[PDB]
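Labels run A, B, C, D, E, F, G, H and I following the written order; every chain starts at residue 1.
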Amino acid sequence: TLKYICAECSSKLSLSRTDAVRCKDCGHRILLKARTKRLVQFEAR
Amino acid sequence: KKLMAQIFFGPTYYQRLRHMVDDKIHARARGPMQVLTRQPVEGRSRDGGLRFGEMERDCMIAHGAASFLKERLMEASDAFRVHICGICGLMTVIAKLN
Amino acid sequence: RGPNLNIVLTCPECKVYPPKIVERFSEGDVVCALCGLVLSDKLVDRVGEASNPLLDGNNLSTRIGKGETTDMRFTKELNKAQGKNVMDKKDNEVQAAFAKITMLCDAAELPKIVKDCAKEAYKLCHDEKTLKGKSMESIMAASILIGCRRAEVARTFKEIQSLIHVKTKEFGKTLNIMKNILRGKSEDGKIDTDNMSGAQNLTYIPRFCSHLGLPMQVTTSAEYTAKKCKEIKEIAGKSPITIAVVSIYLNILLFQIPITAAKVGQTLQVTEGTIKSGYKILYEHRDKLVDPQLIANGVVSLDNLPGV
Amino acid sequence: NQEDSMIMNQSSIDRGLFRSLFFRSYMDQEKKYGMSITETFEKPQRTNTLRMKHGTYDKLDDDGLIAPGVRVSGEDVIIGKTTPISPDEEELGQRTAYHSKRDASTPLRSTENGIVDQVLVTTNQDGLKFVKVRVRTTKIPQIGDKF
Amino acid sequence: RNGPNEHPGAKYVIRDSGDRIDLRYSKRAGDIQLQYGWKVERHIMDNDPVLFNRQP
Amino acid sequence: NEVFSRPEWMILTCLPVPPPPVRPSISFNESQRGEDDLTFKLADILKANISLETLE
Amino acid sequence: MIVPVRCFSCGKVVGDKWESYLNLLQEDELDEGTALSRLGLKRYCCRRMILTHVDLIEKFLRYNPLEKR
Amino acid sequence: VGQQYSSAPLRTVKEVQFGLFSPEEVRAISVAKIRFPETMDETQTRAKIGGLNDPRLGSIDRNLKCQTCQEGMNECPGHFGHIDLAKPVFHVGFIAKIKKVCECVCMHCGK
Amino acid sequence: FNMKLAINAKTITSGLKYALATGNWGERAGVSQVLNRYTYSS
């Protein structure tokens, strides 16, 4: 399963391949993938 | 050292336009060919080639570079070998090369 | 049962079979990954028309229409002549059936996938001995129902009947015949999944709740109630429509939404007596029909449910 | 600076003169071809997927999408999708019984690179799952830019 | 030996038989031995004549 | 020209059919097959010819 | 969007004077030129840096956060 | 890689003689007769024999050989078919010329 | 007689959607164009 965030109520959900794309709390049909937890390097130039 | 002439110097409002060189630069040595004409594909996004148009052909004719014109039209583009019958000029010769 | 006419790319120098091959699309080459030898060069990547060989098979045809300069006499005569074709007549029936299916689905405001699946089912089940004495209306309605179920947007028998004028006996017989045909072709030549089941009452609840204008929280509570309603033997035998309607009514009265059973049954085309009767059975197990999280949070408790 | 050219201060460019953000969006859908064929977002493997691109699939997740904040470069795949194939079709050999899927992924533009900013997954009017992926990049003035 | 990732370098080597070798994926066997009559497709270096045009 | 062009040859009795290279079948996603306009017109010609043969 | 850290032309630090500039304009009722002079910005390159800046981060902060924590 | 070596002499085109196909020449040149208006068989796996995309007319795929010359897509020039029309039909590009010749010659003896 | 089939809403809906999505003002060209969002003045 992977972690998503509702685009309206900003609730974290845990969705699988079989689960429908929908917020179980408010019912919104748009989810934003949670930001990756691995560090990303940036140059200060 | 001081410049002999004096320079008009001051703030001015400048705008950055949408055209960037990194979004236009593209070169091709070889690449995919279109199914229909078997010539270099169009579009820099697909590693396509540049057009050697009629005006370019006329300029090369004026220069007299016949060999360069032939190389551009054959070696840098579609080049196909076909078998023709001496009785009929039709290219309907079945060639079992193997 | 025919000539091979197959080309296999292998590196003569490496001789490894199967070979490691890399397709350099940018360079237009096919190169051996081990030695780097180029095996084939000058590889290829409106002038044509697209078609779907699943609903139309192999049938190439062109229309005749007006141009920048044209005389109506030639167009009329040419269309008349083109109409009188014997070979094309056979497929024109399928095309007309597709047109009517499209009209029905579009009037039903169904998604494109539903009508595409309906057309596919109609084409697969057409031209068979079993379906020869049944009305085209029944055939089309059964195909539409099958497509709706296959698209996870399953509708109900009454809902489809609201558009297609076919009686229940003919509709059910045709549906069974079509399902048998689909199963037979799935075996001999997939088709069905958990969705193919008949009851599937969970799918109906959101649409009924939308028709009644209830909030999504009430819709989810009704879905949970209907899901747990199958554990009671006194109700599991009821129609899925009745099960879903009774669950929705129970949740409506749980949340004290000012909608009476007289209007719930009128909107969902279900008898008010039936609704209240089902509520009577479910009231004896109200405790197992309410979400533990909801009752714990306290949005509402068991109290807000009048019992006769 | 002759013939409508200009000379710009490299120090000013370093300090942030005429610097811009570039956002590019890619869209992809799960198409259902009939009751038999259907496409799915997946991370194709070298043993079950045919004609998969030469790029790197290491950045994809189990859902076939790159999480935001990850860096991507040329030829990198950002949306991984697979579709089934019909049997009795062998192309350049290399087609064994193991292969049952083919790649239909959406690769990043060859000359573009950056960091994935926002990826959203939703359903279209027809209920099919589709995703939108946005990539950020920084454009700094160069010796060819127009002002 | 420089290869196709360093200018000046080379990208393809064509033997007298007409077959073409991509220097990429070829370093596994080491540097190739060149023979007279072969062709090396090398990056355009300084002083190479090239035709420069502007449309129209 | 008696050898290369006679007036009788301006009327078509045998229509040559170009090979697929002249009328290739394009593909968008390679899961959907498209046929050339020449292929469509040739199919129309064949259907009309068969209809006329069966009629007469 | 936010005040630049350094002046583009010369590199003087100007990102630590935005709040002071706003405070001088509001509380002290000082003119923009007088405030710029009081802040120590003598060259017009820095004067324009602070005078022509547009604060769009304030508008961007009006939207609800995409992700909570 | 390039195209395979051939034993035929290499020459340069010096003259082009235009003309019109005779029906006999079309039939002789043709390698197959097309009599089906389809492109693929009922299985949509291989091209139907005698159809529009008959394998004897050539190949436009990198994976299939030509049933006539047994060569790949990059070597097969393509082979022509033919359709025997039920009745003679005019050439759209020669209708005016045919009309002029008809007005010039007698419509009963051809003199 | 069924009103749901007598009146087809797709006529109006598809006609308007097509005429607005494409510039062909039928069933003139370029009547509808994708709004420029490169900058506010544009």
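As a convention for this text, a residue touches a chain if its C-beta (ideal position, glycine included) is under 8 Å from a C-beta of that chain, and two chains touch if they have at least 3 such contacts.
Chains touching both subunit B and subunit G: D.
In terms of C-beta pairs in contact, C-H outnumbers the other of C-H and B-H. Among the remaining chains, H is positioned farthest from subunit G, on the basis of C-alpha centroids. Taking the mean of each chain's C-alpha atoms, the chain whose centre lies closest to the overall C-alpha mean is D.
The geometric centre of subunit B is 40 Å away from that of subunit I, both derived from CA atoms. Averaged C-alpha coordinates give centres for subunit D and subunit I that are 31 Å from one another.
Distance from the subunit F centre to the subunit H centre is 9 Å, each centre being the mean of its Cα atoms.
Shared contact sites, meaning residues of subunit E that touch two or more other chains, fall at 19-20.
Touching of two or more other chains is recorded for residues 7, 32, 34-35 of subunit A. In subunit B, the positions touching at least two other chains are 18, 29, 35-36, 47.
Residues of subunit D touching subunit F in their complex: 33, 37, 83, 104. Touching subunit D in their complex are the following residues of subunit H: 44-45, 62-63. Within the complex formed with subunit I, the residues of subunit C that make contact are 103-104, 106-107, 109, 162-163, 165. The touching residues of subunit D, counted against subunit H in their complex, run 86, 88-92. For subunit A in complex with subunit G, the touching residues are 5, 7, 10, 32, 34-35.
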